[PDB]
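Residue numbers (our numbering), protein chains in the order written: chain A, 1 to 545; chain B, 1001 to 1545; chain C, 2001 to 2547. We treat Cβ as the ideally placed atom computed from N, Cα and C, and that holds for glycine.
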Amino acid sequence: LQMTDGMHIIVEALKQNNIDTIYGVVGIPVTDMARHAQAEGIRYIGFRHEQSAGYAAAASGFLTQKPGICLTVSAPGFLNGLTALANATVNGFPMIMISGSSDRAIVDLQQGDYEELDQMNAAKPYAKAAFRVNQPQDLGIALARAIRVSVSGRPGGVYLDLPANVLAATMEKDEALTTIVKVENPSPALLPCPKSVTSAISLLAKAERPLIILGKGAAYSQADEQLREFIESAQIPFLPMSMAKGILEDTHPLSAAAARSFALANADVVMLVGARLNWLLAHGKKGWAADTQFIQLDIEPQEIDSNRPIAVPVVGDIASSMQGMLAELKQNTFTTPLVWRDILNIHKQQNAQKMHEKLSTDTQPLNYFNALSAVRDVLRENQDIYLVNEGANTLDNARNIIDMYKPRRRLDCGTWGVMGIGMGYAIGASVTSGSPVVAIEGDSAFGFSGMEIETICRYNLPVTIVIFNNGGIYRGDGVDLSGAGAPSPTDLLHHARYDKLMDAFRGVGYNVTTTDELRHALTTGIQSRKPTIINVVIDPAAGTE
Amino acid sequence: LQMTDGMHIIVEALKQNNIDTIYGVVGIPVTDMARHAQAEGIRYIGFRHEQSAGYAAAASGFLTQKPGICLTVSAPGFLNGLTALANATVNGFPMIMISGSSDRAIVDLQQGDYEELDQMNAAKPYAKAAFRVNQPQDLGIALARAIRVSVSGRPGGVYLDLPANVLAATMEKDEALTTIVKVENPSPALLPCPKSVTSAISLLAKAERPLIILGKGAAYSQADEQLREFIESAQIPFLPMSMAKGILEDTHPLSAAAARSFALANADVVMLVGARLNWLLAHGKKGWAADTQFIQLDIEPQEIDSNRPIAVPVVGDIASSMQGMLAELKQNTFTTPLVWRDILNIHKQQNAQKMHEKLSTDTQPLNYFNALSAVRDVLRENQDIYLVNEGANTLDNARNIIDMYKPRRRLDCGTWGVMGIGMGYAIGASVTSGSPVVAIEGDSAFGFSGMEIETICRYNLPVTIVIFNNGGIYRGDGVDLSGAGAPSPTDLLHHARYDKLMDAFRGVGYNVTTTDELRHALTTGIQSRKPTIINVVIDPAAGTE
Amino acid sequence: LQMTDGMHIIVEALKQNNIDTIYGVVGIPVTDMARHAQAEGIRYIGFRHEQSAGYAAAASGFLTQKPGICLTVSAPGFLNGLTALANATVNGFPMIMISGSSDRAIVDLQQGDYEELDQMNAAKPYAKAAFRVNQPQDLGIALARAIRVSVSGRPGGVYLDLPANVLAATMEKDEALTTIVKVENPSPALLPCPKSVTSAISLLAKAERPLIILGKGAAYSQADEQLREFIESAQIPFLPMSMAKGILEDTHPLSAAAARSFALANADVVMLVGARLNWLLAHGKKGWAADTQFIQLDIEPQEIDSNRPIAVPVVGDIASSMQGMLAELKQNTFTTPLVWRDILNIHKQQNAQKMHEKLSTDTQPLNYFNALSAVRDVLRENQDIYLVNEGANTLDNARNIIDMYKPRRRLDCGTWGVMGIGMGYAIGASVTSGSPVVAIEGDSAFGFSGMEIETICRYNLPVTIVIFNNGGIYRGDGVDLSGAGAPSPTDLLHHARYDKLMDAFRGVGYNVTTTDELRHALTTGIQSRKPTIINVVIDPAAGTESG
Ligand SMILES: Cc1ncc(C[n+]2csc(CCOP(=O)(O)OP(=O)(O)O)c2C)c(N)n1
Ligand SMILES: Cc1ncc(C[n+]2csc(CCOP(=O)(O)OP(=O)(O)O)c2C)c(N)n1
Ligand SMILES: Cc1ncc(C[n+]2csc(CCOP(=O)(O)OP(=O)(O)O)c2C)c(N)n1
Ligand SMILES: [Mg+2]
Ligand SMILES: [Mg+2]
Ligand SMILES: [Mg+2]
């Protein structure tokens, strides 16, 4: 009798389901598991804080449609991981957080166990599902569920709880192998009702001023060719939400991004593609026509009529829907009014002109617009990068200024406006892709995951971090209104040199005060493939609050 | 009619309740509140991550018996703060986390608000209470409750939710002033049943081998003189739990710490003073006599019989209890058997001898024992510091080796074994005391709150950070068992120089490889009162897992 | 080697802790547990629905200060009992609900087990603590905690989860006996700050118009003699809340009940004794002087400053605080001003006279006032009874009109205004005391637990149920506003005869349309000690609608 244990079973389950990376922080009881997973050919990436590890996991699920794996220990590590699990769920990114937990009997009586918490029920409100495995023969089915749940419907976080004892529990090795489940097709296609598809084309054909909105669901769907084809056939102006930038290149002629306010105020029929009417679209109220009619393509029927009533729900998975939308268009082709495209273009150009003047006008110190014009100069010549971006002014201005050329290349604060996602998204993106990453970081944003620069160095990841050091949150020029001369609630240290942090870890730092310095430092950064911080001196007074 | 708003009301409530510091991270909707609080003479301390701010708040409540105040924004900031609120509750440290929340009507319908979450119900499982204020006329009563709840019973975290709209809501300034509540005596004395006090002395008088255990509740109580007096009158050997070190100096003759295992294995009557029989005392099972009888002084009746049956519960607040224990002793004095004190001392000395040999034996590279012998050399000559300590080996060895001379001077990982508490406890301790802090940090532990070094610099706090750089979690010598040469799950960067991090922020760094270097670097550190990192090179193989 | 199992251990643990009654409803996996508990001398009371079993447990807790035991099966049984656990925690009544649950491994993975629900987490929001026991050797200590938690602080419900596997799990009998825990003094006395006590007496001694308020915390504490001596010594007028009626008799010359709103509107110093400034006291807001100063005796510091700022908190158990208050009074005596007592008495008199016209005036049909005057005349002669009461007009009028003479004899809708406590309360009160119970029930109220009349007949309990049948919720005279002639939302069947329900179970029914018939039926009911229903024909227009 050859015998095995839960730890070995779970690692084998992960292997057969083609998990090739784990993002984590170890400690009791999970160290041996991570060692063995690595032993078994799984890439283990160890972080300085579990939050970043969970952010890396979610980033990777967003890029692949395969759930990223976050590994943590019991209560204090689990809780740090839980904050990233929550954010994955909110954003619709698939991931599974696997955490050690303590002794079920002790925790159930609340006697004060090591790292005691009911982790399973603690995760429930933040996860699509929360599963706990008490028997090693159930590990494989439990992972099967975790995988399916994480990628079906609107994708999200799943919590898988592994009590210390299930990892130690033994079974016959042969029988164990029969309990392992390899999931085929974890999220099947769900096709819309044909009649809703035909109503959708019909209402679009009757539209005087149609607009398509592409959200993260559109991006996640990988239906890039189908979307382009639909948009181009009917010449329908579209707006990309932040992380849908690049499905079609941002400089595409049908992009209404440069006159977004005007487009939303005037469109008479709006077609949401995996985009919620949440605060990011002002709930379809402020800045919109009183009378807009909506078509909505969403995988999740519970999202329909969440905010404004939806004339044409088109419920099913987005690729499937666009397949059928395409076929129905071919049977009943139309072209969007030229006058609409034309009035759009009029606004687009006035706005690009005003932008251009801000972008080409040099200043000392640098502001957000000339600084980002410099970044854009370099990124135009380096189109195969991933862009991670977080902050306030640093976020809004980079979103508007940096164009994306390819789909699923932008990672940012997201639906909850989280400061802290940059390092982890940077690591998840580069581990997943093997490509360089540029992280354009506000200086407050940066400090929420800063220590992860050590991890970037430890794994020799090609990430260049560009910090917009304006000396604080929004602006660097706050004053202590007491007359006591203390830093104001929004000030960070006057003239901090973030590029130096890298000295500690044998990585590259540049300090940049001008666009020419910035251009050089950022080009070298990317082309070197070395971990790098670029500290960018930004006028403390360039930001708005 | 002079009019005021919720923001102004809440700041005034905080002022009248003698809140003089707020630890926080701002953003929407709380920036204006922090600015005004600072305007009104409240010291605002702004962090890089809310977790550290909440740790600072809890540290300050532990030292003062006054709840520390943690201020955050809505969902993503609230969630980061929640992880420190949870830890305060677990440890029995008073604090109030005040967070902005969004629009109640939008969140209640789950329509996708800005930073949407039911923060109130999210905090419930981690807090003594969670309150939400919808009317500005209720702000003062709500803060009154927050304060009382946080400090009564076993102290803990309280969540106070302030929707964006209550901060904007206006009322007549004069009437507003009548709605503000100044709490007098937030936690009244609770005196034990006289009969339980007399049973307690009685069972102690009959004891052959009595032992007292002092927990964090004993420490928090500030009953230092009463405890010393009781222990010395009856000559009762005591053990200090980690953060009760220093109530009586650690070198006190009645301290059984150097033969802790023996003391617990043999004591026949154990008197718990604000110490739980949780995992930290192995639940009163493994390493204890089959037949130990317990006396327990605890403020919380729900803690009695949690683990082992308790012969003599003494329920009431600890100062009150020790008052009555003292009076009853005087009426019925006894002395602990000399033979017990003597056998204890026999073990104590054998153990101090073995320790001494590890401590005085020089090595290259340094190990935990000679390194800490060096720290202890410096701390003997600098007794007015606060000691923050976290890690694994760094934690266990510093606990055993560094003596405390005064009460409530040690801050560490605590009941949940949290890596990440060091910077925040360091900042909370120095802001609260005005004294220097020495943080003895494992290198994994450090990276959970590292970025807070900027904050230490921004406020020019006298904190010296001593990092035990063994190159990883527990040990620095892990190997990738795949044969791929990747860092093992436990390795951090080979030879990272954490002292350099300080360059970024205009603070002091030392690298130390020997005890003489360490001694010099640490003395200068403290006496300079400058923010400092000491990177200490530790044999990667000195630790145990 | 003699073996035992979890089921045997928990029963022994109950026995050693002096549990002598369990209220429940059996089924998988607890039927054998109940059988064996009964075999071991524990009295088993089985119900038609678990919520009444849970209501009976919490009544038994309030009466005795020993947690009542409610037993249920898994998910659907559990959830019914949980509604009653909720009510106990809200009212401050100690009880423990012990529920069987299913297989931990299956429920943890949400595979659709038999009766699947994480019952422990389900109970958490409604209970002082929720515990779950996985190992048989942990059963005794789990019960010890449940007991201590249920009775310490402000008492409340505790949930104790017994997975089917733990009940069947075996261990050696001798080793098993060593893991049983007998709790001595589960709620220790907690003594107030003596400074609080001296400040309280001094504020009372400065008051021009002091008022004591007795809450159900005062009734639960069992400090009847200390509260009475304190009140009578300084001659402080007192208001009893509903379930505090009778600590001192309601006819006591110092009761301000007959002038409640005057008393609250005009007192300058008010001493709350286990009484919360919650909605039953209008939060200390509406109907109170603008600057009332409060002294508050409560065991729970969390309750202080909940609503109004409290001038003098006196935190500790009510018996110990009253012991300190009396000793401080004896050192520093004072007598409430005669003028305040005399002016209260003038208002009590105006109100008492208004109430007397209503009570004494005959009507056909009967109304609440003359019907209850007849009930009061009967109850004055039977001061050993327990009074259960619920409904709306039926509750408020009985509460004002039926005087209590002894403490802890009145049981009602309580803090959450629950309809459906009536039969549970009647059963727990009679089983607990051995005494007759009279339940004065609104007809809508009764229907929430009416099938428990079979339980009452099964155990031959001395319960007389008097239903004020006005044909509806508040009133029986509603009309369908659409014109279709359907019953209105507040109507119940016109002229239902609830007295006839008892023929199913060999109980006694009376139907009564007059005060003389009511008086006779109710007297015969009480004396008979037989399960009885009295259907009282009340005017459908007599009631007012709350809101
Ligand atoms: C975890 C978290 N904490 C706090 C906030 C509130 N918040 C919004 S923006 C921001 C930082 C803004 O400054 P910065 O990143 O430096 O960019 P800048 O505006 O200065 O370019 C913060 C802390 C948040 N969104 N997330
Ligand atoms: C937030 C959190 N994450 C993970 C753990 C698990 N854990 C225990 S010790 C430890 C770090 C141990 O190494 P280190 O701090 O460097 O001290 P050393 O043993 O090397 O001296 C970790 C991550 C924890 N307790 N808390
Ligand atoms: C469990 C529950 N359901 C509903 C209510 C709402 N409610 C208040 S009083 C009442 C019944 C009133 O009628 P009745 O009991 O017949 O008294 P009457 O006023 O007619 O004498 C109800 C159902 C409640 N309080 N509890
Ligand atoms: Mg900034
Ligand atoms: Mg280390
Ligand atoms: Mg009725």
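- One thing to note: A/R410 has its Cβ no nearer than 8 Å to the Cβ of A/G525.
- For C/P2194, the enclosing alpha helix (DSSP H) begins and ends at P2194 to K2206.
- For A/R458, the enclosing alpha helix (DSSP H) stretches over residues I453 to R458.
- For B/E1390, the closest Cβ of chain A is not nearer than 8 Å.
- Distances taken from the Cβ of B/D1118 to the heavy atoms of ligand 5 include none shorter than 7 Å.
- Apart from the 5 residues on each side of it in sequence, C/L2492 sits with its Cβ closer than 8 Å to the Cβ of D2443, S2444, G2447, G2471, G2472, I2473 and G2476 in its chain, given in chain order.
- Proximity of B/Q1296 to chain A, defined by a Cβ-Cβ separation below 8 Å, is not satisfied.
- Taking 4 residues as the minimum length, the alpha helix (DSSP H) runs contained wholly in the segment 2016–2078 of chain C are 2031–2039 and 2050–2064, in order along the chain.
- Around C/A2129, the same chain offers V2149 and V2158 as residues with beta carbons nearer than 6 Å, after the five sequence neighbours per side are excluded.
- Looking at the DSSP output, B/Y1386 sits in a beta bridge with B/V1437.
- For C/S2187, no alpha helix (DSSP H) run applies, since DSSP gives it neither H nor E.
- By the C-beta criterion, the segment 2401–2419 of chain C is judged not to be in contact with the segment 2011–2019 of chain C, since fewer than 3 inter-stretch pairs fall below 8 Å.
- Taking 8 Å as the CB threshold, A/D138 lines the interface with chain C.
- Sorted by position in the chain, C/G2442, C/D2443, C/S2444 and C/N2470 make up the residues whose C-beta lies under 5 Å from a heavy atom of ligand 6.
- Relative to the non-hydrogen atoms of ligand 2, the Cβ of A/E50 comes within a distance shorter than 7 Å of at least one.
- For B/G1509, the enclosing beta strand (DSSP E) begins and ends at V1508 to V1512.
- Under DSSP, the beta-bridge partners assigned to B/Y1159 are B/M1097 and B/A1130.
- For A/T333, the three-state secondary structure derived from DSSP is coil.
- The segment 2270–2322 of chain C is shown to contain whole beta strand (DSSP E) runs of 3 or more residues at 2293–2298 and 2312–2315, in chain order.
- According to the DSSP assignment, A/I343 belongs to the alpha helix (DSSP H) that extends over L338 to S360.
- Annotation for C/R2410: no alpha helix (DSSP H) segment contains it, though the beta strand (DSSP E) segment containing it runs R2410 to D2412.
- Taking 7 Å as the cut-off, the C-beta of C/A2392 counts as close to a heavy atom of ligand 3.
- In the DSSP assignment, C/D2491 forms a beta bridge with C/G2472.
- Nearest C-alpha to B/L1461 among B/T1031, B/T1363, B/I1467 and B/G1507: B/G1507.
- Taking C-beta separations shorter than 6 Å and ignoring five residues to either side along the sequence, the partners of B/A1200 in its chain run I1295, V1312 and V1314, following chain order.
- Out of C/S2373, C/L2359, C/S2187 and C/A2282, the CA that lies nearest to the CA of C/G2153 is found in C/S2187.
- Contacts with chain C at 8 Å (Cβ-Cβ) do not include B/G1246.
- Secondary-structure assignment with DSSP links C/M2171 through a beta bridge to C/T2004.
- For A/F131, the closest Cβ of chain C is nearer than 8 Å.
- Of B/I1385, B/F1230 and B/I1022, the smallest CA-CA separation from B/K1330 is found for B/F1230.
- Contacts between C/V2273 and chain B, judged by CB atoms closer than 9 Å, are missing: the closest CB pair is about 17 Å apart.
- Where C/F2238 is concerned, the enclosing beta strand (DSSP E) starts and stops at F2238 to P2240.
- Chain-ordered listing is empty here: chain C has no CB closer than 7 Å to the CB of A/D516, the nearest sitting near 60 Å.
- The three-state reading of DSSP puts B/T1515 in helix, counting H, G and I together.
- For ligand 5, a non-hydrogen atom lies closer than 7 Å to the CB of B/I1473.
- Judged by DSSP secondary structure, B/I1147 falls within the alpha helix (DSSP H) whose first and last residues are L1139 to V1151.
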